[PDB]
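Input: a single structure, listed below in structure tokens.
Letters A, B, ... are given to chains in the order of the sequence lines, protein chains preceding strands, and every chain is numbered from 1. Side chains are part of it too, since the values below use all heavy atoms of this structure and drop only hydrogens, waters and symmetry mates.
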Amino acid sequence: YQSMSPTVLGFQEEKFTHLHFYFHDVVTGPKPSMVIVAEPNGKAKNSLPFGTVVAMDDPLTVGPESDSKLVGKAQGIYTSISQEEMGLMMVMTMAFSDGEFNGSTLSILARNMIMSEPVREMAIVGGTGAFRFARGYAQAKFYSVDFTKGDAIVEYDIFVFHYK
Amino acid sequence: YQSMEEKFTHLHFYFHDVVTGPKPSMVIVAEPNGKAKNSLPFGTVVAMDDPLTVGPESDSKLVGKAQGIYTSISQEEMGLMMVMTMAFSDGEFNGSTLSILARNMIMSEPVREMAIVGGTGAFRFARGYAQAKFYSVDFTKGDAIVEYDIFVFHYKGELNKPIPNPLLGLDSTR
Amino acid sequence: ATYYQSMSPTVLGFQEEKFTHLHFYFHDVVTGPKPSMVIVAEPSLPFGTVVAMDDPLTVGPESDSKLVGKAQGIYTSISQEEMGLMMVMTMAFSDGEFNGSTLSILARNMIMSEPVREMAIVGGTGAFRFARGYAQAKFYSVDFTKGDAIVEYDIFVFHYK
């Protein structure tokens with residue numbers, strides 16, 4: 001079941017890629033993009049109490065507007081992970097559906113201090129397809145939050161070193 | 001609180017998601033959209049403790065365990081997010097682990113690619129990918145057998161001071 | 001965060017990456033007035049329990065000692081044969097050179113059977129951007145039935161200057 005393979009599949013051409021898109025967490029719609037999975041400490045009217053988990057199938061679009069070209073999906077879960085200032089842990093992938101990156105994914109395991117940090121860095125822990133052996137990071141930042149409902153648009157920039 | 005020989009291995013084995021009958025290797029952790037047809041509805045979470053055999057038969061040589069959770073992750077179709085380790089119990093890689101964070105997409109891709117996100121023991125500094133095809137699937141009842149191919153880079157050995165510990169005493173390699 | 005990030009455009013290898021050893025104590029507080037965790041789902045920690053944690057990291061084994069970070073995330077009971085944990089967590093540091101920075105961990109944690117448990121660093125942030133390495137956790141102080149614990153951590157990461 002183990003089988004040592006030779007390293008000599010070696011020399012590969014390196015690429016750099018910058019992605020820029022908009023992440024849509026649609027809470028209150030008639031077609032919302034997430035669902036609460038668990039809420040110990042109950043339901044707050046605008047915050048997320050420590051311990052609650054949300055599954056998420058959030059669209060990634062070229063611009064702030066929902067009509068703009070779909071370009072990927074952010075799927076996974078986020079969890080309220082601070083008993084002090086509200087913070088989240090993102091455990092998700094970003095799956096690309098467009099052009100040269102269709103089918104490829106990037107993996108994220110990151111803390112997300114949405115209450116206090118204006119530009120938030122997230123670590124790329126892995127990639128697939130075009131992003132095999134991906135090495136990079138992301139910077140996230142609120143484009144808008146609607147605190148009536150709780151919908152949010154997050155602007156992402158991705159910096160990823162990888163191969164062709 | 002602060003201070004300041006790479007190998008490459010192919011692995012082949014079989015992943016046993018066992019839902020039906022006695023001996024279920026998993027359990028459902030939450031389902032906010034109840035039960036569904038032949039699907040886990042969006043938001044369902046399932047804890048696994050799945051055997052890893054050298055061949056597709058349950059009776060086959062057990063060689064590791066796939067431990068973690070998966071979540072049904074699409075509203076448009078059935079897809080999974082795997083958050084898991086593969087912990088091996090045999091051979092050179094006994095006691096070693098690989099970690100996976102990956103989208104599955106079990107209804108749309110024959111071969112599903114998954115990034116190796118890190119490793120332990122013999123797999124320290126692991127980087128690589130997995131490919132997963134079904135050997136056998138039953139979206140009616142749920143269980144399935146999944147073939148895996150893993151190609152992983154990694155390094156061997158150890159580093160090179162000890163603090164007293166009332167439990168474990170001294171030493172640490174040191 | 002910071003207004004610029006520099007790095008080497010390699011994919012693999014260390015190029016301009018350095019090596020750091022961290023040592024601290026992880027506080028799993030289950031009982032008493034103010035616990036550091038919450039049970040999230042429960043389909044002593046039976047298979048499938050999910051716990052969310054917000055655990056203080058201190059430079060010594062005392063709660064008293066200087067706070068240097070938080071370990072935050074979820075753990076899950078992942079084993080049917082004995083109590084075993086999957087950790088999905090970040091370590092966020094708040095002191096000294098690595099104030100602001102984080103490390104990500106995705107790891108099995110065989111708390112009943114392994115006196116030293118190795119956990120993969122799968123990512124970092126800020127001063128730990130592109131982090132690679134491992135943590136070693138061993139108990140300093142454990143009560144298996146109440147659940148409280150102090151875990152000694154040694155962390156070895158390669159990361160850039």
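Scanning all heavy atoms of the two residues, the minimum distance from B:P32 to A:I36 falls at CB-O, 3.4 Å. Between A:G129 and B:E113, the shortest heavy-atom distance links the atoms N-OE2, 3.2 Å. Contact between B:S74 and A:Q75 at its shortest, heavy atoms only, is OG-NE2, 3.7 Å. The two residues B:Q75 and A:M34 make their nearest non-hydrogen contact at NE2-N, 4.1 Å. Taking all atoms of both residues into account, the shortest heavy-atom contact from A:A55 to B:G43 is CB-CA, 3.7 Å.
For a residue to count as touching a neighbouring chain, one of its non-hydrogen atoms must lie under 4.5 Å from one of that chain's; by this rule B:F88 touches chain A with the side chain only. Neither the backbone nor the side chain of B:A130 comes within contact range of chain A, judged by heavy atoms closer than 4.5 Å. For a residue to count as touching a neighbouring chain, one of its non-hydrogen atoms must lie under 4.5 Å from one of that chain's; by this rule B:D90 touches chain A with backbone and side chain alike. For A:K73, the part lying near chain B is the side chain, with the backbone staying farther off; criterion is any non-hydrogen pair under 4.5 Å. Proximity to chain A involves both the backbone and the side chain of B:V117, based on heavy atoms less than 4.5 angstrom apart. Neither the backbone nor the side chain of A:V54 has a heavy atom closer than 4.5 Å to any heavy atom of chain B.
Within the 4.5 Å cutoff, the side chain of A:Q2 has no heavy atoms near those of the B:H12 side chain. With a 4.5 Å cut-off on side-chain heavy atoms, A:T7 and B:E6 count as touching.
More than 12 heavy-atom neighbours from other residues, nucleotides or ligands sit within 6.0 angstrom of NZ on B:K156. Residue-environment remark: CZ (B:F139) exceeds the threshold of 12 foreign heavy atoms within 6.0 Å. Summarising the local packing, NZ of A:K164 is surrounded by 12 or fewer heavy atoms from other residues, nucleotides or ligands at distances under 6.0 Å. Within a 6.0 Å sphere centred on CD of B:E158, heavy atoms belonging to other residues, nucleotides or ligands number more than 12. Atom CZ of B:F134 has more than 12 neighbouring heavy atoms from other residues, nucleotides or ligands inside a 6.0 Å radius.
From A:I108, atom CD1 reaches atom CG of B:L101 across 9.5 Å, with rounding to the nearest 0.5 Å. To the nearest 0.5 Å, atom CG of residue A:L9 and atom CZ of residue B:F153 are 7.5 Å apart. With rounding to the nearest 0.5 angstrom, the OG1 atom of A:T93 is 10.5 Å from the CE atom of B:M114. In this structure, CE in B:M105 is found 10.0 Å from OG1 in A:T105, a value given to the nearest 0.5 Å. Atom OG of A:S3 and atom CZ of B:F8 lie 11.0 Å apart (nearest 0.5 Å). The structure places CD of B:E77 at 9.5 Å from CG of A:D57, a figure rounded to the nearest 0.5 Å.
Between A:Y1 and B:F93, the ring-plane angle classifies as perpendicular under the 30° and 60° cut-offs.
Most heavy-atom pairs under 4.5 Å with chain B: of the set A:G76, A:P6, A:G126, this distinction falls to A:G76. Of the listed residues (B:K7, B:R127, B:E109, B:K61), the greatest number of heavy-atom pairs within a distance under 4.5 Å of chain A belongs to B:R127. Here A:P32 is the residue among A:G103, A:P32, A:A38, A:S104 with the most heavy-atom pairs under 4.5 Å with chain B.
Figure legend: A:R132 and B:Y129 shown as a cation-pi pair, the cationic atom lying under 6.0 angstrom from the six-membered ring centre and within 45 degrees of its axis.
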